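Some notes on the structure that comes next.
Coordinate-derived values only; no laboratory data. Quick reminder, even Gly has a Cβ in these numbers, built from the backbone with ideal geometry, and neighbours come from all protein chains shown.
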Amino acid sequence: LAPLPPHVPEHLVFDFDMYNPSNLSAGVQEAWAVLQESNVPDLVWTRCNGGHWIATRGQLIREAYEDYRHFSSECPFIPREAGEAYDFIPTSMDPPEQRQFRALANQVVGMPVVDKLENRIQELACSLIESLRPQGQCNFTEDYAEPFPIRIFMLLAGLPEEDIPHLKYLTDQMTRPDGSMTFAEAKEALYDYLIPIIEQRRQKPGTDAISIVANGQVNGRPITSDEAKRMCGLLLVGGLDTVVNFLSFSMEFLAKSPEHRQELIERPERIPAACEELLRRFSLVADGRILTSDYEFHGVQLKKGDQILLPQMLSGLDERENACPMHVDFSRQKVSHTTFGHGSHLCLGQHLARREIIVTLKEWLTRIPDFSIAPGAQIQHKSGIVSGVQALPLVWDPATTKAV
Ligand code: MNR
Ligand SMILES: CC1(C)[C@@H]2CC[C@@]1(C)C(=O)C2
Ligand SMILES: [K+]
């Protein structure tokens, strides 16, 4: 715990630990939902991880992400040392300076690139699933959730697959550190990995994402090696620790709900809609902003330098935004959420993300329509900047499957 600030009252003090929530046993989304009970106010202050504010309602979360004049992304992570050390592009920048870098990033992970990767995304998903199909079991996180998105990213970035263990270890320390590395150390290690590669590719320009970024232009002018490094690092974290985790949350749910599997099996055209609803119910990101100065936000005096966590995860879980929020309804009329962010920093990889999600759902249910959680298994989650699933052992009767 950290000493309570002067401007911070006492009634709004909710000691929530984003890296180890109290009710984590009931599921991470459930763990964060406690901040939305009637007994909890919209905005509270926690003395965990150094102390910071936490907007618990979609209304304030959205509003803050729109007002970059008061809530700067210069220091988006908690603890403060992580946020101060955090210098990824375009995320650590505020408009207007931020805007120019998003276009370059779009060139390597935007829809146009997703279109090119279409065949390979499809091919890998089918190959991985068909290999598991006759086994009647798997460790989903390790056998599919990780290799599917990560191998696609490494392909696009032109990096050898043998480097995945090292890179995945580093990305995970920046989102869910095990204590062996500070965010700054993990970040510098990722940059150390990228530096020589970016230099190599600025000399012999290739087709990969790192080459395109490294030799790119920012609103008409050349990108520096430092700027390319800072952008490439972010792309690595996005490709290695986002969809990877979400897929496990989604499959855990399907493994636990036969009725929902049946729905998508009977009406595959609903998969895209199902994806969106799962993105809301199993939202998993939570980063924030920093006050550029003294500001009275919703009757709560915010001082300059103060960090405020704006959980993208909480918006769509707000009973005020969606009726019966913890319930998964593929026919939900208005699936409200900020799973991919809000404001000028809206996720640039959401198109690649949705394609990977939709393809996984369609191709998995096509070959393994029926599956369940391994008997006696208790699924354990993990919380942090990006929440995840520790392990997801699945089982099924091979006789109920079908090879395409
Ligand atoms: C490899 C590419 C990426 C993939 C895949 C990907 C997949 C996902 C994903 C999967 C389910 C979720 C959820 C996700 C969530 C986010 N994502 Mn996404 N993301 N994502 C980026 C690359 C990627 N994301 C980049 C780049 C930005 C920064 C944009 C900017 O700062 O202007 C971004 C930004 C964001 C933000 C904004 C954070 C902020 O405002 O500080 C959220 C939230
Ligand atoms: C919060 C995020 C998911 C977004 C893309 C990767 C991430 C960890 C960042 O640093 C920006
Ligand atoms: K910073």
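Observations on the structure shown:
- Residue list for segment 334-364, restricted to those being within 6 Å of ligand 1 (Cβ to nearest atom), more than 12 Å from the chain's Cα centre (by Cα) and over 23 Å from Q59 (Cα atoms): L352
- Selection within segment 64-95 - within 11 Å of ligand 2 (Cβ to nearest atom) and not charged (D, E, K, R): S73, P76, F77, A82, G83, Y86, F88, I89, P90, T91, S92
- Verdict on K362 being touching a helix residue (DSSP H, G or I) at 6+ places or on another chain (Cβ under 6 Å), at negative phi and surrounded by fewer than 20 Cβ atoms within 10 Å (Cβ to Cβ): yes
- Search result, residues across segment 78-90 that are farther than 22 Å from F16 by Cβ and either surrounded by 23 or more Cβ atoms within 10 Å (Cβ to Cβ) or among the hydrophobic types (A, V, I, L, M, F, W, C) (or both): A85, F88, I89, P90
- Matching entry among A273, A209, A228 (being farther than 30 Å from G50 by Cβ, surrounded by fewer than 18 Cβ atoms within 10 Å (Cβ to Cβ) and within 25 Å of the chain's Cα centre (by Cα)): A273
- Within segment 147-177, tally of residues that are outside any helix (DSSP H, G or I), touching a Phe, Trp or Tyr at 6+ places or on another chain (Cβ under 9 Å) and of a type outside the set (K, R): 2
- Given (1) more than 22 Å from the chain's Cα centre (by Cα); (2) in contact (Cβ under 8 Å) with a residue 12 or more places away in the chain; (3) under 30 Å from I308 (Cα atoms), index of the condition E97 fails: (2)
- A103 meets each of the listed conditions (1) away from ligand 1 (no atom under 15 Å from the Cβ); (2) more than 27 Å from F249 (Cβ to Cβ) apart from (1).
- Lone qualifier among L302, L309, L247, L240 - being under 23 Å from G58 (Cβ atoms) and within 16 Å of ligand 2 (Cβ to nearest atom): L309
- Any hit, segment 169-178, residues being hydrophobic (A, V, I, L, M, F, W, C) and without any contact (Cβ under 8 Å) to a residue 40 or more places away in the chain: yes
- Only residues that are of a type outside the set (S, T, Y), under 29 Å from the mean Cα position of the chain (by Cα) and not in a strand (DSSP E or B) were counted in segment 377-404, giving 10.
- Segment 339-353: number of residues that are outside any helix (DSSP H, G or I) and either more than 17 Å from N245 (Cα to Cα) or small (G, A, S) (or both): 8
- On inspection, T292 fails the criterion of being in contact (Cβ under 8 Å) with a residue 60 or more places away in the chain, crowded, with 22+ Cβ neighbours inside 10 Å and among the β-branched types (V, I, T).
- Of the candidates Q122, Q107, the single residue that is farther than 30 Å from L365 by Cα, touching a helix residue (DSSP H, G or I) at 6+ places or on another chain (Cβ under 7 Å), assigned to a helix (DSSP H, G or I) and away from ligand 2 (no atom under 16 Å from the Cβ) is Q107.
- Scan segment 281-326 for residues that are farther than 26 Å from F183 by Cβ, assigned to a loop (DSSP other than H, G, I, E, B) and of a type in the set (D, E, K, R) and the total you get is 5.
- Residue ID - surrounded by the fewest Cβ atoms within 10 Å (Cβ to Cβ), chosen from residues in segment 49-73 that are of a type in the set (A, V, I, L, M, F, W, C) and in a strand (DSSP E or B): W53
- Complete set of residues in segment 336-354 that are in contact with a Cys (Cβ under 9 Å, 6 or more places away or on another chain), within 12 Å of ligand 2 (Cβ to nearest atom) and not small (G, A, S): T339, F340
- From the options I265, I357, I271, residue that is part of a helix (DSSP H, G or I), touching a helix residue (DSSP H, G or I) at 6+ places or on another chain (Cβ under 7 Å) and within 16 Å of ligand 2 (Cβ to nearest atom): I357
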